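Engineer: Here it is, the structure in full.
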Amino acid sequence: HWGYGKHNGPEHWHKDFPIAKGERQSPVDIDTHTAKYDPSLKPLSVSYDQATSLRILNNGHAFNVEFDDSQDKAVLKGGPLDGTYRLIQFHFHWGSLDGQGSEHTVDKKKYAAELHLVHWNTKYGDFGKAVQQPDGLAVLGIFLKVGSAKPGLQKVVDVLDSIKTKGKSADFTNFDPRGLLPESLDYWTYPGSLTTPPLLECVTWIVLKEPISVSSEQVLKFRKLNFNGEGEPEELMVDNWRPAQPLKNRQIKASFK
Ligand SMILES: NS(=O)(=O)c1ccc(NC(=O)Cc2ccccc2)cc1
Ligand SMILES: [Zn+2]
């Protein structure tokens with residue numbers, strides 16, 4: 001099965017998922033000097049006040065904090081988007097070292113980690129239908145650098161002991177994802193894909209310019225998770241990122257000058 005190792009990692013994915021070599025794959029390098037300001041972009045609207053988190057799951061590739069997406073409770077709108085996109089889960093990608101771990105890069109710079117807040121377009125009724133549409137998903141990407149702690153991340157860090165291995169879940173209610181956002185909502189946007197198999201070309205990417213800072217102790221706790229199941233040989237869940245893919249016939253737009 002696919003993963004992030006030498007024998008099943010990103011260079012192999014195309015054999016089971018030929019769209020890996022498609023026309024709108026993610027992540028990409030964001031060349032800041034080549035992105036163009038688009039004055040018609042609207043400000044983002046992040047409306048997370050009624051968010052209902054339910055559960056945290058180690059799925060063997062990352063950990064997901066899942067939300068109740070059966071009503072408009074935590075939604076993303078505006079920016080490049082038409083319509084209302086409901087938050088279904090967030091997760092991270094991270095490195096074995098502070099010098100790598102993000103999926104997107106900025107002028108070839110890699111961050112220590114990257115947060116993905118995954119949303120789907122309510123016009124398609126459910127997530128499984130949305131991933132089959134070119135405008136089905138909107139993923140809000142936020143870079144993490146190592147420095148000061150992010151207080152709003154700590155509740156996530158402290159539950160990780162309970163979901164160390166693949167297939168473990170834990171109750172995770174009343175978590176407020178607003179505590180994971182930076183001050184500014186300035187962003188870059190482009191059309192792309194899921195960054196893991198099945199690599200579907202269904203995502204409007206919205207990547208914030210301002211990173212959040214997390215502490216060394218916080219990211220070290222991410223690196224204690226396991227890709228394996230309980231009772232299987234231990235392999236640390238680190239370097240669960242896909243490298244930058246060719247931009248091809250796309251322009252990255254910026255919301256700011
Ligand atoms: N790293 S990312 O945010 O691009 C990203 C976000 C989500 C997924 N996968 C699913 O959510 C699972 C699924 C896929 C297809 C159909 C039903 C379920 C992979 C990558
Ligand atoms: Zn992701």
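Ordered as shown in the structure tokens, chains take letters A, B, and onward, while each chain numbers its residues from 1 and ligands are numbered from 1 in the order shown.
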Would you list the residues that come within 8 Å of ligand 1? Count only C-alpha atoms and all ligand atoms and give the answer as a CSV table (one decimal) with N, CA and C atoms, in the first residue's frame.

Structural biologist:
```
chain,number,residue,atom,x,y,z
A,26,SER,N,-0.9,18.8,-6.5
A,26,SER,CA,-0.4,19.6,-5.4
A,26,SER,C,0.5,18.7,-4.5
A,90,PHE,N,-9.3,18.6,10.1
A,90,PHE,CA,-7.9,19.1,9.8
A,90,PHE,C,-6.9,18.1,10.2
A,91,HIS,N,-5.7,18.3,9.6
A,91,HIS,CA,-4.6,17.5,9.9
A,91,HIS,C,-3.3,18.2,9.6
A,92,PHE,N,-2.2,17.6,9.8
A,92,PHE,CA,-0.9,18.2,9.6
A,92,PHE,C,0.0,17.2,8.8
A,93,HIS,N,1.0,17.8,8.1
A,93,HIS,CA,2.2,17.1,7.6
A,93,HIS,C,3.4,17.7,8.2
A,116,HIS,N,-3.5,21.6,7.3
A,116,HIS,CA,-4.6,21.5,6.3
A,116,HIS,C,-5.9,21.5,6.9
A,117,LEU,N,-6.7,22.5,6.8
A,117,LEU,CA,-8.2,22.5,7.2
A,117,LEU,C,-9.0,22.2,6.0
A,118,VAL,N,-9.6,21.1,6.0
A,118,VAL,CA,-10.3,20.5,4.8
A,118,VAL,C,-11.7,20.8,4.8
A,127,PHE,N,-19.1,14.8,1.2
A,127,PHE,CA,-17.6,14.8,0.9
A,127,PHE,C,-17.3,13.9,-0.2
A,128,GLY,N,-17.9,12.7,-0.2
A,128,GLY,CA,-17.5,11.7,-1.2
A,128,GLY,C,-18.0,12.2,-2.6
A,131,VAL,N,-15.4,15.3,-3.7
A,131,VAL,CA,-14.1,15.0,-4.3
A,131,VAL,C,-14.1,14.6,-5.7
A,139,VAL,N,-9.1,23.7,0.6
A,139,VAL,CA,-8.2,23.3,1.7
A,139,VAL,C,-7.4,24.6,2.1
A,193,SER,N,-4.9,19.6,-6.1
A,193,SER,CA,-5.3,18.3,-5.8
A,193,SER,C,-5.2,17.9,-4.3
A,194,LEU,N,-5.8,16.8,-4.0
A,194,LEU,CA,-5.3,16.1,-2.7
A,194,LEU,C,-3.9,15.8,-2.8
A,195,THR,N,-3.1,15.9,-1.7
A,195,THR,CA,-1.7,15.7,-1.8
A,195,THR,C,-1.3,14.3,-1.3
A,196,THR,N,-2.3,13.4,-1.1
A,196,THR,CA,-2.1,12.0,-0.9
A,196,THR,C,-3.0,11.2,-1.9
A,197,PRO,N,-2.7,10.0,-2.2
A,197,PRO,CA,-3.7,9.2,-2.9
A,197,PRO,C,-5.0,9.3,-2.2
A,198,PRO,N,-6.1,9.4,-3.0
A,198,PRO,CA,-6.2,9.2,-4.5
A,198,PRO,C,-5.8,10.4,-5.4
A,199,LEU,N,-5.3,11.5,-4.8
A,199,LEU,CA,-4.7,12.6,-5.6
A,199,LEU,C,-5.7,13.3,-6.5
A,200,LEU,N,-6.9,13.2,-6.1
A,200,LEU,CA,-8.0,13.8,-6.9
A,200,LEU,C,-7.9,15.3,-7.1
A,203,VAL,N,-9.4,20.3,-5.6
A,203,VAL,CA,-9.1,21.2,-4.5
A,203,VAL,C,-8.8,22.6,-4.9
```

Engineer: Within 12 Å of range 27-32 of chain A, counting only C-alpha atoms, which residues qualify if same-chain residues fewer than 5 places away don't, as an MDAnalysis selection string?

Structural biologist: chainID A and resid 10 20 37 93 102:111 114 116 139 141 187:196 199 201 203:209 241:248 250:257

Engineer: Can you tell me, as a PyMOL selection string, which residues in range 92-256 of chain A count as strand (DSSP E or B) by DSSP?

Structural biologist: chain A and resi 92-94+105-106+109+113-121+137-146+169-171+187-192+203-208+212-214+226+236+253-254

Engineer: Find the residues near residue 232 in chain A: any atom within 12 Å, counting only C-alpha atoms, skip ones fewer than 4 places away on the same chain, and give them as a ChimeraX atom specification.

Structural biologist: /A:165-166,226-228,236

Engineer: Could you please take those selected residues and save N, CA and C atoms as a PDB file, in the first residue's frame?

Structural biologist:
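Final output, saved to part_25.pdb:
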```
ATOM      1  N   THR A 165      -0.847   4.793  17.480  1.00  0.00           N
ATOM      2  CA  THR A 165      -0.740   3.887  16.358  1.00  0.00           C
ATOM      3  C   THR A 165      -1.952   3.926  15.425  1.00  0.00           C
ATOM      4  N   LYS A 166      -1.725   3.451  14.203  1.00  0.00           N
ATOM      5  CA  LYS A 166      -2.721   3.403  13.157  1.00  0.00           C
ATOM      6  C   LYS A 166      -4.003   2.745  13.616  1.00  0.00           C
ATOM      7  N   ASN A 226       3.134   6.974  15.410  1.00  0.00           N
ATOM      8  CA  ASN A 226       3.569   5.825  14.612  1.00  0.00           C
ATOM      9  C   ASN A 226       2.729   5.688  13.349  1.00  0.00           C
ATOM     10  N   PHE A 227       3.350   5.276  12.248  1.00  0.00           N
ATOM     11  CA  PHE A 227       2.611   4.935  11.036  1.00  0.00           C
ATOM     12  C   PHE A 227       1.977   3.558  11.183  1.00  0.00           C
ATOM     13  N   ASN A 228       2.625   2.701  11.956  1.00  0.00           N
ATOM     14  CA  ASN A 228       2.170   1.327  12.099  1.00  0.00           C
ATOM     15  C   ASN A 228       1.024   1.158  13.075  1.00  0.00           C
ATOM     16  N   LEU A 236       8.291   5.512  13.086  1.00  0.00           N
ATOM     17  CA  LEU A 236       7.836   6.832  13.484  1.00  0.00           C
ATOM     18  C   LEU A 236       7.141   7.553  12.352  1.00  0.00           C
TER      19      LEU A 236
END
```

Engineer: Rank A:44, A:163, A:51, A:138 by their smallest atom-to-atom distance to ligand 2, using only C-alpha atoms and all ligand atoms, and report the top residue only.

Structural biologist: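 Distance minimum relative to ligand 2 lands on A:138.
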
Engineer: Rank A:84, A:71, A:215, A:249 by their smallest atom-to-atom distance to residue 45 in chain A, using only C-alpha atoms, and report the top residue only.

Structural biologist: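 Closest candidate: A:84.
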
Engineer: What's the separation between CA of residue 57 in chain A and CA of residue 171 in chain A, in Å to one decimal place?

Structural biologist: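 Between CA of residue 57 in chain A and CA of residue 171 in chain A the gap works out to 9.0 Å.
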
Engineer: What does the structure give for the distance between CA of residue 115 in chain A and CA of residue 173 in chain A, in Å to one decimal?

Structural biologist: 19.1 Å

Engineer: Of the residues A:153, A:112, A:87, A:62, which is the one nearest to ligand 2, using only C-alpha atoms and all ligand atoms?

Structural biologist: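 Closest to ligand 2, using only C-alpha atoms and all ligand atoms: A:62.
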
Engineer: Considering only C-alpha atoms and all ligand atoms, state which residue in the set A:101, A:18, A:43, A:179 is at the smallest distance from ligand 2.

Structural biologist: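 With only C-alpha atoms and all ligand atoms as the atom set, the closest residue is A:101.
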
Engineer: Hey, which of A:86, A:6, A:155, A:150 ends up closest to residue 212 in chain A? Count only C-alpha atoms.

Structural biologist: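 Ranking A:86, A:6, A:155, A:150 by distance to residue 212 in chain A, first place goes to A:150.
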
Engineer: Measuring between only C-alpha atoms, which one of A:147, A:152, A:177, A:231 shows the shortest distance to residue 217 in chain A?

Structural biologist: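 Closest candidate: A:147.
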
Engineer: Report as number ranges by chain all protein, DNA and RNA residues lying within 6 Å of residue 65 in chain A, evaluated on only C-alpha atoms, omitting residues in the same chain fewer than 6 positions from it.

Structural biologist: A: 55-56, 89-90

Engineer: Report, in Å with one decimal, the straight-line distance from CA of residue 61 in chain A to CA of residue 239 in chain A.

Structural biologist: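 Taking CA of residue 61 in chain A and CA of residue 239 in chain A, their separation equals 9.9 Å.
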
Engineer: If you run DSSP on this backbone, which residues of range 16-149 of chain A come out as alpha helix (DSSP H), and could you give them as a PyMOL selection string?

Structural biologist: chain A and resi 127-130
